[PDB]
C-alpha cells in the first residue's frame, strides 16, 4: 500500500501530488507535509527515510524530487519498486531527460503512468516497460 506519490520541483513546490488515504486531508496539511519532506531531504539517486512517521523512499533528478510514501510498517523495497517504476517510466517517455520542463510538457503521460502503477493505494504494476506500453494505449 502506497499512501502518497509526490513530485516536487527544486523550490519544493508541488508539480504532482496524489494522496490515497486520509492522513493529510486538507491542502494546508498536505502542503506543510510537502514542505517538511522537502526541507528534510536532499539530492540522491535513491534514499529511504522515516519522516513524519512514515516511510519515504525518494530520489532526485536534475530539478525534480520524486517521493513514494508508505506507512512506517511497509516493505520499503515495495515502495522502492514503485519509485523506480515511476521514474524509469518517465525516463522512457521523456527521452532520458527527466526534468521539470519536459515533464510539464507531457503531464498526461505522468497522470496515466501513475494510474497504471497504483490504484487507490494498491500497487498494480512495477515493470516500467509494462506501464509505458499501457500509457501509449490510453493517451
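Numbering follows the first chain given and starts at 1.
- As recorded in the PDB entry, 26-34 is the stretch of 26-34 and 78-86 with the greater mean C-alpha temperature factor.
- When 94-102 is weighed against 60-68, 94-102 comes out higher, by mean CA B-factor as recorded in the entry.
- Sort the chain's modelled residues by C-alpha temperature factor and residue 132 lands in the middle third, per the entry.
- In the PDB entry, a CA B factor belonging to the lowest third of its chain's modelled residues is recorded for residue 9.
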